[PDB]
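The structure file target-v4.pdb is reproduced below (PDB, N, CA and C atoms and all ligand atoms).
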ATOM      1  N   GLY T   1      52.979-198.273  59.972
ATOM      2  CA  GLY T   1      53.991-197.583  60.794
ATOM      3  C   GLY T   1      54.291-196.208  60.247
ATOM      4  N   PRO T   2      55.129-195.477  60.979
ATOM      5  CA  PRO T   2      55.491-194.111  60.567
ATOM      6  C   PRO T   2      56.247-194.113  59.263
ATOM      7  N   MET T   3      55.997-193.090  58.478
ATOM      8  CA  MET T   3      56.845-192.883  57.323
ATOM      9  C   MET T   3      58.179-192.312  57.792
ATOM     10  N   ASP T   4      59.191-192.473  56.944
ATOM     11  CA  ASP T   4      60.551-192.005  57.273
ATOM     12  C   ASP T   4      60.672-190.512  56.933
ATOM     13  N   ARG T   5      59.888-189.738  57.689
ATOM     14  CA  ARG T   5      59.644-188.345  57.361
ATOM     15  C   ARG T   5      60.885-187.501  57.588
ATOM     16  N   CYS T   6      61.573-187.700  58.721
ATOM     17  CA  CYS T   6      62.821-186.985  58.993
ATOM     18  C   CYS T   6      63.967-187.743  58.382
ATOM     19  N   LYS T   7      64.638-187.111  57.413
ATOM     20  CA  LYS T   7      65.771-187.713  56.733
ATOM     21  C   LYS T   7      67.057-187.601  57.538
ATOM     22  N   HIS T   8      67.026-186.921  58.679
ATOM     23  CA  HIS T   8      68.195-186.730  59.534
ATOM     24  C   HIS T   8      68.419-187.892  60.479
ATOM     25  N   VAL T   9      67.436-188.769  60.659
ATOM     26  CA  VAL T   9      67.602-189.940  61.526
ATOM     27  C   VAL T   9      68.553-190.968  60.931
ATOM     28  N   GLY T  10      68.660-191.019  59.609
ATOM     29  CA  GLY T  10      69.516-192.010  58.980
ATOM     30  C   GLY T  10      70.959-191.932  59.422
ATOM     31  N   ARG T  11      71.428-190.735  59.770
ATOM     32  CA  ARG T  11      72.819-190.531  60.171
ATOM     33  C   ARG T  11      72.962-190.262  61.658
ATOM     34  N   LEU T  12      71.882-190.367  62.406
ATOM     35  CA  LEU T  12      71.949-190.211  63.845
ATOM     36  C   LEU T  12      72.932-191.234  64.373
ATOM     37  N   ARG T  13      73.829-190.789  65.237
ATOM     38  CA  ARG T  13      74.693-191.689  65.978
ATOM     39  C   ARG T  13      74.698-191.193  67.408
ATOM     40  N   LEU T  14      74.179-192.016  68.304
ATOM     41  CA  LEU T  14      74.081-191.632  69.700
ATOM     42  C   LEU T  14      75.392-191.887  70.428
ATOM     43  N   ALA T  15      75.663-191.053  71.432
ATOM     44  CA  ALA T  15      76.816-191.265  72.294
ATOM     45  C   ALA T  15      76.709-192.611  72.999
ATOM     46  N   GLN T  16      77.860-193.164  73.361
ATOM     47  CA  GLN T  16      77.918-194.498  73.942
ATOM     48  C   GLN T  16      78.004-194.498  75.464
ATOM     49  N   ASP T  17      78.180-193.334  76.091
ATOM     50  CA  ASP T  17      78.403-193.244  77.530
ATOM     51  C   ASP T  17      77.120-193.204  78.361
ATOM     52  N   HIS T  18      75.942-193.326  77.743
ATOM     53  CA  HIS T  18      74.668-193.290  78.461
ATOM     54  C   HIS T  18      74.479-191.994  79.256
ATOM     55  N   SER T  19      75.217-190.935  78.914
ATOM     56  CA  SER T  19      75.302-189.765  79.788
ATOM     57  C   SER T  19      73.942-189.105  80.017
ATOM     58  N   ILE T  20      73.083-189.069  79.005
ATOM     59  CA  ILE T  20      71.814-188.394  79.215
ATOM     60  C   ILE T  20      70.861-189.178  80.107
ATOM     61  N   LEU T  21      71.162-190.421  80.405
ATOM     62  CA  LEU T  21      70.305-191.177  81.312
ATOM     63  C   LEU T  21      70.538-190.793  82.750
ATOM     64  N   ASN T  22      71.433-189.848  82.992
ATOM     65  CA  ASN T  22      71.754-189.435  84.340
ATOM     66  C   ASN T  22      70.917-188.212  84.683
ATOM     67  N   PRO T  23      69.905-188.337  85.547
ATOM     68  CA  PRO T  23      69.034-187.174  85.795
ATOM     69  C   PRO T  23      69.728-185.996  86.405
ATOM     70  N   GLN T  24      70.849-186.176  87.077
ATOM     71  CA  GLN T  24      71.554-185.008  87.596
ATOM     72  C   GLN T  24      71.990-184.073  86.469
ATOM     73  N   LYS T  25      72.017-184.531  85.235
ATOM     74  CA  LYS T  25      72.416-183.678  84.132
ATOM     75  C   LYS T  25      71.215-183.052  83.439
ATOM     76  N   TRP T  26      70.015-183.225  83.989
ATOM     77  CA  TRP T  26      68.801-182.685  83.348
ATOM     78  C   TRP T  26      68.561-181.244  83.778
ATOM     79  N   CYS T  27      69.436-180.366  83.304
ATOM     80  CA  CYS T  27      69.209-178.958  83.564
ATOM     81  C   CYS T  27      69.962-178.146  82.515
ATOM     82  N   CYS T  28      69.415-176.990  82.217
ATOM     83  CA  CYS T  28      69.895-176.208  81.079
ATOM     84  C   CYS T  28      71.283-175.659  81.342
ATOM     85  N   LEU T  29      72.176-175.850  80.365
ATOM     86  CA  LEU T  29      73.556-175.398  80.531
ATOM     87  C   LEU T  29      73.672-173.897  80.493
ATOM     88  N   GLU T  30      72.659-173.192  80.010
ATOM     89  CA  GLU T  30      72.727-171.740  79.937
ATOM     90  C   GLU T  30      72.047-171.043  81.094
ATOM     91  N   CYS T  31      70.842-171.489  81.499
ATOM     92  CA  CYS T  31      70.096-170.806  82.547
ATOM     93  C   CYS T  31      69.804-171.668  83.774
ATOM     94  N   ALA T  32      70.167-172.942  83.753
ATOM     95  CA  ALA T  32      70.061-173.853  84.895
ATOM     96  C   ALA T  32      68.633-174.252  85.239
ATOM     97  N   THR T  33      67.639-173.974  84.387
ATOM     98  CA  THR T  33      66.298-174.460  84.657
ATOM     99  C   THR T  33      66.317-175.972  84.622
ATOM    100  N   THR T  34      65.513-176.574  85.492
ATOM    101  CA  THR T  34      65.241-177.998  85.394
ATOM    102  C   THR T  34      63.848-178.279  84.849
ATOM    103  N   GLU T  35      63.112-177.241  84.429
ATOM    104  CA  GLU T  35      61.714-177.413  84.038
ATOM    105  C   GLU T  35      61.566-178.028  82.655
ATOM    106  N   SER T  36      62.355-177.551  81.706
ATOM    107  CA  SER T  36      62.270-177.945  80.306
ATOM    108  C   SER T  36      63.672-178.346  79.894
ATOM    109  N   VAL T  37      63.848-179.582  79.467
ATOM    110  CA  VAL T  37      65.174-180.148  79.314
ATOM    111  C   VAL T  37      65.250-180.929  78.018
ATOM    112  N   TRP T  38      65.951-180.377  77.029
ATOM    113  CA  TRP T  38      66.153-180.973  75.721
ATOM    114  C   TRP T  38      67.613-181.368  75.575
ATOM    115  N   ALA T  39      67.867-182.660  75.429
ATOM    116  CA  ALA T  39      69.198-183.187  75.225
ATOM    117  C   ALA T  39      69.533-183.252  73.738
ATOM    118  N   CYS T  40      70.587-182.569  73.337
ATOM    119  CA  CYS T  40      71.094-182.708  71.982
ATOM    120  C   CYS T  40      71.524-184.138  71.728
ATOM    121  N   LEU T  41      71.188-184.662  70.540
ATOM    122  CA  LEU T  41      71.546-186.034  70.216
ATOM    123  C   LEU T  41      72.878-186.146  69.497
ATOM    124  N   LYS T  42      73.499-185.022  69.125
ATOM    125  CA  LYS T  42      74.819-185.018  68.530
ATOM    126  C   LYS T  42      75.927-184.844  69.563
ATOM    127  N   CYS T  43      75.729-183.998  70.583
ATOM    128  CA  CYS T  43      76.760-183.693  71.586
ATOM    129  C   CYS T  43      76.084-183.754  72.941
ATOM    130  N   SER T  44      76.842-183.473  74.003
ATOM    131  CA  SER T  44      76.299-183.632  75.349
ATOM    132  C   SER T  44      75.529-182.415  75.876
ATOM    133  N   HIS T  45      75.236-181.443  75.029
ATOM    134  CA  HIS T  45      74.497-180.259  75.446
ATOM    135  C   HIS T  45      73.092-180.608  75.897
ATOM    136  N   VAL T  46      72.626-179.895  76.906
ATOM    137  CA  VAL T  46      71.284-179.974  77.441
ATOM    138  C   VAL T  46      70.842-178.538  77.648
ATOM    139  N   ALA T  47      69.631-178.218  77.236
ATOM    140  CA  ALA T  47      69.153-176.844  77.192
ATOM    141  C   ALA T  47      67.638-176.813  77.172
ATOM    142  N   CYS T  48      67.076-175.695  77.613
ATOM    143  CA  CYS T  48      65.644-175.564  77.800
ATOM    144  C   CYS T  48      64.905-175.272  76.486
ATOM    145  N   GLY T  49      63.624-175.619  76.465
ATOM    146  CA  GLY T  49      62.796-175.396  75.303
ATOM    147  C   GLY T  49      61.971-174.133  75.385
ATOM    148  N   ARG T  50      60.933-174.083  74.542
ATOM    149  CA  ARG T  50      60.188-172.843  74.371
ATOM    150  C   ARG T  50      59.475-172.409  75.635
ATOM    151  N   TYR T  51      59.155-173.351  76.536
ATOM    152  CA  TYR T  51      58.478-172.990  77.782
ATOM    153  C   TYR T  51      59.305-172.013  78.604
ATOM    154  N   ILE T  52      60.634-172.118  78.537
ATOM    155  CA  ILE T  52      61.522-171.272  79.311
ATOM    156  C   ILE T  52      62.133-170.213  78.403
ATOM    157  N   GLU T  53      63.355-170.446  77.909
ATOM    158  CA  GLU T  53      64.056-169.447  77.108
ATOM    159  C   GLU T  53      64.527-170.007  75.776
ATOM    160  N   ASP T  54      64.208-171.253  75.490
ATOM    161  CA  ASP T  54      64.573-171.924  74.239
ATOM    162  C   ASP T  54      66.062-171.830  73.970
ATOM    163  N   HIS T  55      66.849-172.133  74.991
ATOM    164  CA  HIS T  55      68.259-172.315  74.778
ATOM    165  C   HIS T  55      68.560-173.520  73.910
ATOM    166  N   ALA T  56      67.644-174.474  73.791
ATOM    167  CA  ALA T  56      67.813-175.586  72.860
ATOM    168  C   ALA T  56      67.858-175.089  71.420
ATOM    169  N   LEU T  57      66.960-174.182  71.059
ATOM    170  CA  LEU T  57      67.040-173.569  69.742
ATOM    171  C   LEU T  57      68.325-172.792  69.601
ATOM    172  N   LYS T  58      68.727-172.047  70.632
ATOM    173  CA  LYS T  58      69.978-171.310  70.556
ATOM    174  C   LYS T  58      71.145-172.234  70.240
ATOM    175  N   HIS T  59      71.136-173.437  70.830
ATOM    176  CA  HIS T  59      72.169-174.412  70.528
ATOM    177  C   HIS T  59      72.160-174.778  69.057
ATOM    178  N   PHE T  60      70.973-175.033  68.494
ATOM    179  CA  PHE T  60      70.920-175.299  67.059
ATOM    180  C   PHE T  60      71.428-174.124  66.235
ATOM    181  N   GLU T  61      71.064-172.918  66.626
ATOM    182  CA  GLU T  61      71.478-171.746  65.877
ATOM    183  C   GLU T  61      72.982-171.540  65.898
ATOM    184  N   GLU T  62      73.656-172.047  66.904
ATOM    185  CA  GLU T  62      75.096-171.860  67.084
ATOM    186  C   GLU T  62      75.920-173.009  66.544
ATOM    187  N   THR T  63      75.329-174.191  66.412
ATOM    188  CA  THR T  63      76.073-175.380  66.047
ATOM    189  C   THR T  63      75.517-176.114  64.841
ATOM    190  N   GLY T  64      74.263-175.932  64.497
ATOM    191  CA  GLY T  64      73.639-176.761  63.488
ATOM    192  C   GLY T  64      73.298-178.173  63.887
ATOM    193  N   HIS T  65      73.424-178.540  65.158
ATOM    194  CA  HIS T  65      73.071-179.896  65.559
ATOM    195  C   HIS T  65      71.563-180.054  65.469
ATOM    196  N   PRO T  66      71.031-180.966  64.659
ATOM    197  CA  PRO T  66      69.637-180.835  64.273
ATOM    198  C   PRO T  66      68.621-181.544  65.151
ATOM    199  N   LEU T  67      69.028-182.477  66.008
ATOM    200  CA  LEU T  67      68.079-183.310  66.735
ATOM    201  C   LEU T  67      68.278-183.197  68.235
ATOM    202  N   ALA T  68      67.189-183.063  68.955
ATOM    203  CA  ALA T  68      67.211-183.017  70.420
ATOM    204  C   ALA T  68      65.996-183.765  70.934
ATOM    205  N   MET T  69      66.118-184.350  72.135
ATOM    206  CA  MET T  69      65.039-185.095  72.788
ATOM    207  C   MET T  69      64.714-184.490  74.131
ATOM    208  N   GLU T  70      63.443-184.315  74.428
ATOM    209  CA  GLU T  70      62.987-183.836  75.728
ATOM    210  C   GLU T  70      63.080-185.036  76.655
ATOM    211  N   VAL T  71      63.818-184.924  77.765
ATOM    212  CA  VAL T  71      64.140-186.131  78.518
ATOM    213  C   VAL T  71      62.965-186.717  79.309
ATOM    214  N   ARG T  72      61.905-185.948  79.570
ATOM    215  CA  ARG T  72      60.685-186.446  80.208
ATOM    216  C   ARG T  72      59.568-186.737  79.221
ATOM    217  N   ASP T  73      59.325-185.803  78.292
ATOM    218  CA  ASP T  73      58.223-185.994  77.357
ATOM    219  C   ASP T  73      58.590-186.996  76.287
ATOM    220  N   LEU T  74      59.873-187.167  75.976
ATOM    221  CA  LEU T  74      60.427-188.096  75.004
ATOM    222  C   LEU T  74      60.203-187.628  73.582
ATOM    223  N   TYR T  75      59.678-186.428  73.391
ATOM    224  CA  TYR T  75      59.582-185.869  72.046
ATOM    225  C   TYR T  75      60.962-185.663  71.443
ATOM    226  N   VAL T  76      61.092-185.874  70.146
ATOM    227  CA  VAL T  76      62.312-185.577  69.413
ATOM    228  C   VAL T  76      61.973-184.494  68.428
ATOM    229  N   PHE T  77      62.684-183.391  68.489
ATOM    230  CA  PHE T  77      62.491-182.305  67.545
ATOM    231  C   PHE T  77      63.679-182.235  66.605
ATOM    232  N   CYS T  78      63.365-182.019  65.326
ATOM    233  CA  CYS T  78      64.363-181.824  64.305
ATOM    234  C   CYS T  78      64.300-180.378  63.857
ATOM    235  N   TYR T  79      65.372-179.649  64.097
ATOM    236  CA  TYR T  79      65.394-178.248  63.763
ATOM    237  C   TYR T  79      65.579-177.987  62.277
ATOM    238  N   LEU T  80      65.976-178.988  61.487
ATOM    239  CA  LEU T  80      66.041-178.815  60.031
ATOM    240  C   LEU T  80      64.730-179.169  59.324
ATOM    241  N   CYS T  81      64.045-180.210  59.820
ATOM    242  CA  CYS T  81      62.677-180.474  59.399
ATOM    243  C   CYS T  81      61.711-179.491  60.021
ATOM    244  N   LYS T  82      62.090-178.880  61.140
ATOM    245  CA  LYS T  82      61.177-178.016  61.883
ATOM    246  C   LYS T  82      59.933-178.797  62.307
ATOM    247  N   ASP T  83      60.155-180.024  62.752
ATOM    248  CA  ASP T  83      59.037-180.881  63.144
ATOM    249  C   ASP T  83      59.505-181.956  64.117
ATOM    250  N   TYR T  84      58.530-182.586  64.748
ATOM    251  CA  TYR T  84      58.788-183.695  65.641
ATOM    252  C   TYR T  84      58.959-184.979  64.854
ATOM    253  N   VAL T  85      59.707-185.894  65.417
ATOM    254  CA  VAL T  85      60.229-187.071  64.740
ATOM    255  C   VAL T  85      59.645-188.327  65.358
ATOM    256  N   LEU T  86      59.081-189.179  64.517
ATOM    257  CA  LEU T  86      58.501-190.458  64.925
ATOM    258  C   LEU T  86      59.146-191.633  64.217
ATOM    259  N   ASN T  87      60.036-191.408  63.276
ATOM    260  CA  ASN T  87      60.697-192.492  62.575
ATOM    261  C   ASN T  87      62.036-192.755  63.234
ATOM    262  N   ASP T  88      62.545-193.969  63.043
ATOM    263  CA  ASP T  88      63.750-194.395  63.755
ATOM    264  C   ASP T  88      64.684-195.017  62.727
ATOM    265  N   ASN T  89      65.958-195.155  63.100
ATOM    266  CA  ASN T  89      66.907-195.874  62.297
ATOM    267  C   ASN T  89      66.664-197.379  62.399
ATOM    268  N   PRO T  90      67.327-198.169  61.559
ATOM    269  CA  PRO T  90      67.066-199.619  61.565
ATOM    270  C   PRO T  90      67.441-200.258  62.879
ATOM    271  N   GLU T  91      68.386-199.684  63.607
ATOM    272  CA  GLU T  91      68.809-200.241  64.888
ATOM    273  C   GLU T  91      67.843-199.901  66.015
ATOM    274  N   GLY T  92      66.854-199.050  65.762
ATOM    275  CA  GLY T  92      65.910-198.670  66.799
ATOM    276  C   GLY T  92      66.537-197.829  67.888
ATOM    277  N   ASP T  93      67.444-196.928  67.523
ATOM    278  CA  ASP T  93      68.167-196.181  68.558
ATOM    279  C   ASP T  93      67.276-195.202  69.302
ATOM    280  N   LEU T  94      66.352-194.547  68.610
ATOM    281  CA  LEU T  94      65.493-193.597  69.300
ATOM    282  C   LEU T  94      64.537-194.313  70.243
ATOM    283  N   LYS T  95      64.002-195.462  69.841
ATOM    284  CA  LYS T  95      63.106-196.190  70.734
ATOM    285  C   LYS T  95      63.846-196.640  71.984
ATOM    286  N   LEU T  96      65.033-197.179  71.817
ATOM    287  CA  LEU T  96      65.800-197.581  72.990
ATOM    288  C   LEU T  96      66.132-196.414  73.898
ATOM    289  N   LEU T  97      66.463-195.259  73.338
ATOM    290  CA  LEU T  97      66.754-194.113  74.200
ATOM    291  C   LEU T  97      65.500-193.690  74.937
ATOM    292  N   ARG T  98      64.367-193.666  74.232
ATOM    293  CA  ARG T  98      63.119-193.309  74.885
ATOM    294  C   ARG T  98      62.757-194.322  75.972
ATOM    295  N   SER T  99      62.890-195.601  75.673
ATOM    296  CA  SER T  99      62.544-196.625  76.666
ATOM    297  C   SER T  99      63.447-196.526  77.892
ATOM    298  N   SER T 100      64.708-196.239  77.648
ATOM    299  CA  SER T 100      65.670-196.095  78.735
ATOM    300  C   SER T 100      65.367-194.869  79.563
ATOM    301  N   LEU T 101      64.949-193.775  78.943
ATOM    302  CA  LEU T 101      64.562-192.621  79.729
ATOM    303  C   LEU T 101      63.307-192.862  80.539
ATOM    304  N   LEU T 102      62.324-193.584  80.002
ATOM    305  CA  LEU T 102      61.192-193.997  80.822
ATOM    306  C   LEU T 102      61.676-194.757  82.039
ATOM    307  N   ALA T 103      62.688-195.597  81.859
ATOM    308  CA  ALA T 103      63.129-196.531  82.894
ATOM    309  C   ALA T 103      63.919-195.832  83.976
ATOM    310  N   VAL T 104      64.739-194.839  83.624
ATOM    311  CA  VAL T 104      65.572-194.212  84.652
ATOM    312  C   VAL T 104      64.793-193.163  85.424
ATOM    313  N   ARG T 105      63.573-192.880  85.034
ATOM    314  CA  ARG T 105      62.783-191.897  85.737
ATOM    315  C   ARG T 105      61.977-192.463  86.911
TER     316      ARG T 105
HETATM  317 ZN    ZN P   1      64.790-183.983  60.223
HETATM  318 ZN    ZN P   2      67.800-172.284  79.462
HETATM  319 ZN    ZN P   3      74.744-180.434  70.229
END

Once you've parsed the file, please lay out its structure as C-alpha cells.
Amino acid sequence: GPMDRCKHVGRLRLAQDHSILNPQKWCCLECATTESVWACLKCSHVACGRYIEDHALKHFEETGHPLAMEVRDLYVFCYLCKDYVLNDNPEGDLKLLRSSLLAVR
C-alpha cells in the first residue's frame, strides 16, 4: 500500500455537513468557472486549479489551508508537501469522500 507520504493527513478533519457533495457548489468562488473545481478540505472554499486561474493556490496563499480535492478527478493536492496525496487517515476519510463524489456524479 501507499506510504504515509503526506504528514498533513493525520490531522485532516472533514466537515460533517456533506456540503461538497452538492454539485451546485462546484464552481470557483472567485471567477465562477465550473471547469476546474478544487474543494478545500479545511473550510468550505471551492476554487479553480491551474487549468483556469489557480484560485485554489490563491486560497492556500491567503489562508494556509493545505489540502484540496478536485471534485471530479478526485486528486488531493497538498500545498505544503507540494504533491498529490494517496495516503489516508485510519478512518479512511479521503477514500469515503472520493467514493461519495464518484457516487453523487
Ligand atoms: Zn502534505
Ligand atoms: Zn477561479
Ligand atoms: Zn480553506

| request: Go through the chains and note each residue within 6 Å of ligand ZN 1 (chain P), using only C-alpha atoms and all ligand atoms, then give the set as a list in words. | output: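 Here is the list of contacting residues: residues 6, 7, 8, 78, 80 and 81 of chain T.
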
| query | Closest to residue 44 of chain T among T:87, T:101, T:71, T:20, using all atoms listed in the file? | reply |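 Closest residue, counting all atoms listed in the file: T:20.
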
| said: Using only C-alpha atoms and all ligand atoms for the distances, tell me which of T:67, T:37, T:21, T:48 is nearest to ligand ZN 3 (chain P). | reply: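 Answer, going by the shortest atom-to-atom distance: T:67.
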
| task | Could I get the residue neighbourhood of ligand ZN 2 (chain P) at 6.5 Å, counting all atoms listed in the file, as a VMD selection string? | result | chain T and resid 28 to 33 47 to 49 52 to 56

| How far is it from atom N of residue 104 of chain T to atom C of residue 22 of chain T, in Å with one decimal? | 9.1 Å

| task | Check every protein, DNA and RNA residue against ligand ZN 3 (chain P), keep those with an atom at most 10 Å away (counting only C-alpha atoms and all ligand atoms), and present them as a list in words. | result | residues 39, 40, 41, 42, 43, 44, 45, 46, 47, 56, 59, 60, 62, 63, 64, 65, 66, 67 and 68 of chain T

| request: Step one, run DSSP on the backbone; step two, keep only residues of chain T assigned to helix (DSSP H, G or I); then write them as a VMD selection string. | output: chain T and resid 9 to 11 19 to 21 23 to 25 55 to 63 93 to 104

| said: Running the PyMOL selection byres (((chain T and resi 2) around 8) and not hetatm) on this model by hand, what would come out? Give it as a PyMOL selection string. | reply: chain T and resi 1+3-5+86-88

| task | In Å, rounded to a single decimal, give me how far atom C of residue 13 of chain T is from atom C of residue 100 of chain T. | result |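 Taking atom C of residue 100 of chain T and atom C of residue 13 of chain T, their separation equals 15.8 Å.
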
| Per DSSP on the backbone, what are the strand (DSSP E or B) residues of chain T, as JSON, numbers by chain? | {"T": [38, 39, 40, 46, 47, 67, 68, 69, 70, 76, 77, 78, 83, 84]}

Go ahead and write the selection's residues with N, CA and C atoms as a tab-separated table (two decimals), keeping the file's coordinate frame.
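Written file, result-v9.tsv:
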chain	number	residue	atom	x	y	z
T	38	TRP	N	65.95	-180.38	77.03
T	38	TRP	CA	66.15	-180.97	75.72
T	38	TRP	C	67.61	-181.37	75.58
T	39	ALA	N	67.87	-182.66	75.43
T	39	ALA	CA	69.20	-183.19	75.22
T	39	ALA	C	69.53	-183.25	73.74
T	40	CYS	N	70.59	-182.57	73.34
T	40	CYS	CA	71.09	-182.71	71.98
T	40	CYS	C	71.52	-184.14	71.73
T	46	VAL	N	72.63	-179.90	76.91
T	46	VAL	CA	71.28	-179.97	77.44
T	46	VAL	C	70.84	-178.54	77.65
T	47	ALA	N	69.63	-178.22	77.24
T	47	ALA	CA	69.15	-176.84	77.19
T	47	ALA	C	67.64	-176.81	77.17
T	67	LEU	N	69.03	-182.48	66.01
T	67	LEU	CA	68.08	-183.31	66.74
T	67	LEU	C	68.28	-183.20	68.24
T	68	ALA	N	67.19	-183.06	68.96
T	68	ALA	CA	67.21	-183.02	70.42
T	68	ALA	C	66.00	-183.76	70.93
T	69	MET	N	66.12	-184.35	72.14
T	69	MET	CA	65.04	-185.10	72.79
T	69	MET	C	64.71	-184.49	74.13
T	70	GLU	N	63.44	-184.32	74.43
T	70	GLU	CA	62.99	-183.84	75.73
T	70	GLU	C	63.08	-185.04	76.66
T	76	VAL	N	61.09	-185.87	70.15
T	76	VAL	CA	62.31	-185.58	69.41
T	76	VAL	C	61.97	-184.49	68.43
T	77	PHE	N	62.68	-183.39	68.49
T	77	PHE	CA	62.49	-182.30	67.54
T	77	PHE	C	63.68	-182.24	66.60
T	78	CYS	N	63.36	-182.02	65.33
T	78	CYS	CA	64.36	-181.82	64.31
T	78	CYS	C	64.30	-180.38	63.86
T	83	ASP	N	60.16	-180.02	62.75
T	83	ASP	CA	59.04	-180.88	63.14
T	83	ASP	C	59.50	-181.96	64.12
T	84	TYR	N	58.53	-182.59	64.75
T	84	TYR	CA	58.79	-183.70	65.64
T	84	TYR	C	58.96	-184.98	64.85

| request: Work out how far atom CA of residue 26 of chain T is from atom CA of residue 51 of chain T, in Å to one decimal. | output: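 Computing it gives 15.2 Å between the two atoms.
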
| task | Compute the distance from (65.9, -189.6, 71.6) to each atom, counting all atoms listed in the file, keep the residues with any atom at most 6.5 Å away, and return them as a PyMOL selection string; use the coordinates of the file. | result | chain T and resi 68-70+74-76+93-95+97-98
